[PDB]
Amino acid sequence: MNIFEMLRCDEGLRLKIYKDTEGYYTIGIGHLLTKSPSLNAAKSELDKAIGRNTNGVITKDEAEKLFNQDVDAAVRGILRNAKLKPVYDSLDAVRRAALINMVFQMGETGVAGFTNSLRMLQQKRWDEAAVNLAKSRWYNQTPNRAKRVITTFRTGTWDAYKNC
């Protein structure tokens, strides 16, 4: 298991524009297009991202390319973030994957706001961090995915990703 297989497991793969859990226009592997309510705005962002007239539908390769860019960007955002970087550097390889997962889902800003949780991860207080992470809108809105990520931080293994 690796970050790619992990995220592919959590987000799924859709070749036509869809609405995410929050009601936002998305395509491929969790690639947010726009928070705007206009499907037209969404098709426009899509065409711009892909470099061609897609008519709202993309191929597997196109989906994968967007996915590769998004993972890369998430990693680079963590490395450029003064709050995130030190945590990431302190973690083992599995747990790093967990943090990357959160950033991909909720953005750099969102994650950096988890002040107390970040501090506990840095101190390697796994059980305490797992409990604090769960006290969030994140966990309440997408509890199955959050539990999977939280278990990853708690155990430092890929057990939560067995049935993928």
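Heads up: residue numbers just count along the shown sequence, starting at 1.
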Worksheet item: Per the entry, where is the mean C-alpha temperature factor higher: 127 to 135 or 34 to 42?
Response: 34 to 42
Worksheet item: Where do the C-alpha atoms have the higher mean temperature factor in this entry, in 24 to 32 or in 109 to 117?
Response: 109 to 117
Fill in: Residue selected from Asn101, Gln69, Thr59, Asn53 by maximal Cα B factor
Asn53
Discussion item. Among the modelled residues of this chain, does the Cα B factor of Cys164 put it in the lowest, middle or highest third?
Written reply: highest
Practice prompt. For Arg95, return the chain-relative third of its C-alpha B-factor as stated in the PDB record: lowest, middle or highest.
Written response: lowest
Discussion item. By the recorded C-alpha temperature factor, relative to the other modelled residues in its chain, which third is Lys16 in?
Written reply: middle
Discussion item. Sorting by Cα B-factor within the chain, modelled residues only, which third would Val75 end up in: lowest, middle or highest?
Written reply: middle
